[PDB]
Every structure is written in C-alpha cells, then in structure tokens.
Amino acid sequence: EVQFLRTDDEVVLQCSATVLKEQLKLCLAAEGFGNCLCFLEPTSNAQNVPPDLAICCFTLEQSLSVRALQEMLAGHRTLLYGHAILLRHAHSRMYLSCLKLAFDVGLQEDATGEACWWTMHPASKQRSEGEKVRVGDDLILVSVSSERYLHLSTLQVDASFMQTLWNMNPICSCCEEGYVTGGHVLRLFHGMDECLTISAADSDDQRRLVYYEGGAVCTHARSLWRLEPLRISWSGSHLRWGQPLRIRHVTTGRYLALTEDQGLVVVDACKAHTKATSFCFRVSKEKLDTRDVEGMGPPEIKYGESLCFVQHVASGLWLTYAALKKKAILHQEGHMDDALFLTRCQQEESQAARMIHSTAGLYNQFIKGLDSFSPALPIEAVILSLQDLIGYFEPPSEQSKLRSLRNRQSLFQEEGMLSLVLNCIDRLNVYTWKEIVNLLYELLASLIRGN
C-alpha cells in the first residue's frame, strides 16, 4: 500500500549520512526559544538511546502552488511536487525558514516572508511536477527566498547550492477525537486526584524516584509525561493495548525504567535502552497468550474513560504503589486498584514544561563550566534564552493574561527555577559576564513580580 502527505499532518524531515562505516539517520531539530538555529538529531540509535523527538515535529500548515503563493504574498490538501510548503514547528509554533557561501536555516516567528516557504521537487525521474508526494519518496527542498537547497553540510543543516535528499516521514495524520496517540503530553491519574510524578526540584532522592501524589502536584509540571512508541514513523499514531512504549518525564527529560539495582526509577536518555525502559498499557492483569500498521491505526485508548494497567514489558511487572505521597514500584502482583486513567495536557502547560526542560539544561551546562574554571560558555545561548524568558514573563501593558502569567510563574517556581537563576547569579558575582548578570536579575524580578 501507499500513502500521501496532506496539510495539517505532522512530519519529521530526515536525511542520511555515512559515519565510520555505518549509516546514520538524522532529523531536522530546533528548540526555538532564543536558540533558533536548526541542528541534526540522530535517530539511528533509538533502540539504545531515545532521540529528542518532541522538537523534530513539524506541521504542514500550508501547501500552495507558485501562483497561489504569489497571491498570498501580494479540508486537508494533498502535497504535490512543485508546491511550496509552510512548516510550523510543533513546540515553538514558529516556522522553518532560511536565515562557505551557505545561508543558515532556523525558526522565524512569522509566516509573512518568503523565507519560510520551501518548494518540493523530485529526487529522481520516478516522479513528475504536479504529482502526489508519497511517503518514502526521496525529495529535494529549495528555499523560496534564497533559491537554495535545504542541505546537510559536513553534521549541520544549512541552505546552499549543493543539494541533499530528504525524507518527509509522517508522524501523524487525522486522529480520532479523545483517543491517546504517541507524542502526547499527559498525566496518569490514580483514582481523589492523585497522579504519577517525581519529586520537586532539589529533593534528597535526586529527582530519580517515582511517586503517586495528590494535591497541587496535579497542576504542576513535574507530573507531566510524554508517551513515546518504539517508532519514528507513525510514532504519533493511536496507542494500542500491549504496544511497547517509553514514558518520558518532560521537565527532567528522563525515562521511566526498571533497573536491576534500584527497581523502578527514572533514568537519563543515555541509559534508556528498550529492555529497561519499555512499558505498555494493559486492559487487565491476565496472562497475554497471543503487526505494525503503517498509519494512524485503530483507536483503542480513550482519555479519561479508559482504565489502564501499566506493565513493564521485559519483566512483566506491574506499576503500583508501596503500601499523601506513596512511592511507585514495579511488582509481580501489584494491587487490585492499579488501573490508571489518562488526561491530556493542554498546549500552554506542555509548552512551558518543555521550556523548563531546555532552560534547566542550558543553565546547568553554563554552571558546569564555571565549576571547571574554579568548553566555551554558552554565552550567546544564555543571553538569548534570558531575553526570551523576560519577554515570556513580561507583564501585559496597555486580567486573563494576568492569570496566565501567574500560572507560568508558578510552574517555573515549582520546578526550582528561582534558585537555579540565583545559583547562576551567586557564581557570576564571585567575580567583581556583565550582560548575563543584569539579565539574570531582571528575570528574577519577572518571576517574582505580582506574587
């Protein structure tokens, strides 16, 4: 069978390279908040190390002919060769755009210019202009603004006159309303609001243990998880009962796992190999006595309505509580009330949780280099990130926007972002550099203002 790409479907842009007598596949990736420059995310070693897929997803917002494009400048449509496409970054909501003799490629805030448009062209004589773009086709993408090819420079991405072959691999298409798909950020609730979570920032358990917890946590970022099937293509398809998948903690970026040494913990991406890190949802605890569809597949698990037992695949152990804040363990029998229900996180909350992840990771790297000087400091990155967050926490000038602001502030504060910003300040103030110090203080005020 064959399938086509349509507008509003989500995709990864994939290219290939030969690395040390081994073939490597890389996806187009960008963070999109201060760090607007695109980079390559290797997806070949997924069985051992899960890729950072969240920021590789692009939505095909628009697909227009050359004549239709010029008109705009002055349901779901199928992609045709010769059409110009508009690629909206899922996380940042910004657009892929054209920034020796090669122009950079990054994210731009507005789809107004020609810079964010790319025409699709066949890689061989197998396809013709005006024909449907198929899934699995090798294609060439040229920038409308610069007339240059989106290209893998040698691993980096830029726009040049040297061309490279891309695969626009489908992440998801139209999904059934209310059904859980891969790549979704959600909460796992147990029975009285009590959800699966890890500890708050700067706890003694090193943020590596899992708990069932009630109260305010159900509205905090630390209880957010992303479901990640063992696929790249159609990783955003409907989740099935018994389907193996990884469960990623959003703010921390670590993976739910079973270890021989500690049991149920949350481990770093570098140590999250499928055997330790694969879970699945089960209808019941009965012994399973009994194929991967290309596409969205059958819808099986409903948000809210479906009750699911979580099982670690390799061991067969059940996710359960040790007999309000109960520790989560993996156990041979578990409890009769182990069934969880799932609730989808909304855009603002999930976006903020990923912003926390990226911010914490960058500022931790910035702190690390200083303990060494007691690898260039990410000065340009830190400044831009700081500048972005100040605007992010900027009080609206000229009540609903005030409620949103206070929720954003709360989300960051509960993820230990105040002490983290302080932790940078105290390290920089040791020396009597000047750009960041002022920006860090300004963000500090922005996080506090109106509390």
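Residue positions are given as counts along the sequence shown, with the first one as 1.
According to the entry, the stretch of the deposited sequence that connects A74 to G75 contains 10 or more residues lacking coordinates, which leaves a long gap in the model.
In this entry, the higher average B-factor at the C-alpha atoms falls on 197-205, of the pair 197-205 and 232-240.
Legend: mean Cα B-factor per stretch from the PDB entry, 136-144 versus 210-218; the higher mean is in 136-144. The entry assigns its greatest Cα B factor, within the set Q351, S372, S173, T359, to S372.
Going by the entry's values, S160 shows the largest Cα B-factor out of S160, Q311, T78, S284. Annotation for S410: CA B-factor lies in the lowest third of the chain's modelled residues.
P378: CA B factor lies in the highest third for its chain, per the PDB record.
The entry lists a Cα temperature factor for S97 that places it in the highest third of the chain's modelled residues. In the PDB entry, a CA B factor belonging to the middle third of its chain's modelled residues is recorded for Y363. Per the deposited record, the Cα B-factor of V250 falls in the lowest third when ranked against the other modelled residues of its chain.
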